[PDB]
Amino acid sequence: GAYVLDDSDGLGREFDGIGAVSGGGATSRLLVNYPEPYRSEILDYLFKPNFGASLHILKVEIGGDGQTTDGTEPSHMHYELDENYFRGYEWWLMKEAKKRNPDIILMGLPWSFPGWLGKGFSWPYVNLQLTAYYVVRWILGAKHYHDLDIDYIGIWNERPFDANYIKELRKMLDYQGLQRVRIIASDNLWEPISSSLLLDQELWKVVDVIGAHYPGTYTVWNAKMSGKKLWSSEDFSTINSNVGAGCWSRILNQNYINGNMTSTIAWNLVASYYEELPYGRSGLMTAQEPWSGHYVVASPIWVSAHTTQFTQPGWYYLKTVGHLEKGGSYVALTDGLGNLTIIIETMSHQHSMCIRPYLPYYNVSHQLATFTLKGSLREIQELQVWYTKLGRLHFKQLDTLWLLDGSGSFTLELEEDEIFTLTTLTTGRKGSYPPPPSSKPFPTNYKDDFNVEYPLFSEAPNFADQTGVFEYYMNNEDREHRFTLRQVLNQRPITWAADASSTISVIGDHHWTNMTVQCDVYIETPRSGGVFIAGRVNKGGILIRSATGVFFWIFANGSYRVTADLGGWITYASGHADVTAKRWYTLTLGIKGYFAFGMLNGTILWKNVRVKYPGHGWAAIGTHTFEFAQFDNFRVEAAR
């Protein structure tokens, strides 16, 4: 019936911000080679204040060279004694975010680790000091090379924590003058971190935030008892149609209401990865076509704005928040300066399902809501109004509501799948750029000779590594192949996902079915080394081990194989070939209907080999194991 909003009895918990995740894994892969002005426009919609999603928080993966859901991300230390703070795109992303919002909050978290940290095992807690040293290098690098202050550091994404590691990490941070950096744990479930904090005073002292993943808007008693800030440190992960926006809308409100969570962070920031990779199009917006410049400002952008444009970290929740009588919810916040923001959501069950978890049915129906401002809120008699309807009108500013009544009260008519923001703030704005170019398939003819002397990013565009790491490589001691692409891992990472046994980078249009792929390849390991080119590669990311297609392998022992799978269990053809290590060869692979052929240096090696059909997928390059190899003059012609 009537809902009292008051502050005379005090405030709720401090609000900590809304954010999103770039990483886990390579979710921002295709954003970096967007032409201007589009790339800058995309970033504005994400990070520019009073414009779009206007995010308060940016969380990034600390790359560990392993596969971490939609690709691998390069580490700052591939090997022992190796340090490089200019690989990948998270440095760039954080810097672009900070340019637009100097007050943005920055977080780092590892998914995987380079293999050498394991000292013989696939385990990051073998040498606590070594692993902490690795992580702290990254934070120092952020400051020293990019002028970035990292605000929070996590432990090991959705993986066991080690209490002694967390303590060593704190000691190491302090030792390097990073007392300011806060620790969030354990980016998994509420337990066992929450009970661990109650039982261990020393652990309690060094953990600042309990961050939980996909909590379904609820927390647990031990977490409440801890007295720690509680965050949904990863949520959402749902296709950014209207249903995803509904899910985002509902949990943004009810994570605090039901679970006392004062921050929610969406995976992921922007869908800049091939849509046929796992969890395709699960970003706040979509930007998966750098070749065309086409991007989509999806509904979740404006769902975000309803909170972010009218709240900042450091505001407080009112004690008076809750559910609506006929379904839906409301929250309210103030800044302690006279401002007030009210956020109301009525998302229906059929239009707000998240993937994790799925909620049992709940009813939502039309209703009236009366709000009465008590305490220091009564003195307010003007509120700006912002409105969104899903299923559609987005972030439209309505006529100002007046409370000149003296009643300090007002009433709203609510339907299903709606969002209302009522605020004293006058800075709201539905940011707008002209429409971007229409969607277009990946170019049916495509080439890259990798001839770039001072590349802006460490890897050639559109190549999405799914196991191993591929980089621009300059070799002064060779004129013909001075600038190539090199796979640089020489051992399996401490894995997060199930990385393939072979390295592989995919590129192009997953719809491609008839195609010709050509590349120069160079095997660096004598006797045992091997490389391939491939087409119709149908799976990647977390499922990269499941990839089928047509794979043309050559080996340094003078042999070749044609397989249906990346794992090489299934044979199409095999034989001998004049191939050794440390010599450049040109490979061609043609696939058309039921048949494939392969060429070595322009000369047929095999032809009319029968392959599964119908079938479709990307083109790819790679190496037999985690071994050095180079690639040059890549070309693909394909019919979609």
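One-based numbering along the sequence shown.
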Mind giving me a quick count class for deposited residues absent from the model between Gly391 and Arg392? Options are none, 1 to 3, 4 to 9, 10 or more.
4 to 9
On average, are the C-alpha B-factors higher in 402-410 or in 479-487?
402-410
Taking the recorded C-alpha temperature factors, which stretch has the higher mean, 254-262 or 309-317?
309-317
Going by the CA temperature factor in the entry, name the top one among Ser186, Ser376, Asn222, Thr563.
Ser376
Candidate residues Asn164, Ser112, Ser365, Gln201, the one whose C-alpha B factor the record puts highest:
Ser365
Pull the Cα B-factor of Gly558 out of the PDB entry and bin it into the chain's lowest, middle or highest third.
middle
Using the B-factors in the PDB entry, rank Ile57's C-alpha atom against the chain and give the third, lowest, middle or highest.
lowest
Mind checking which third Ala619 falls in for C-alpha B-factor across the chain?
middle
Here the Cα B-factor of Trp190, set against its chain, lands in the third termed lowest
Where does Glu471 sit by CA temperature factor within its chain: lowest, middle or highest third?
lowest
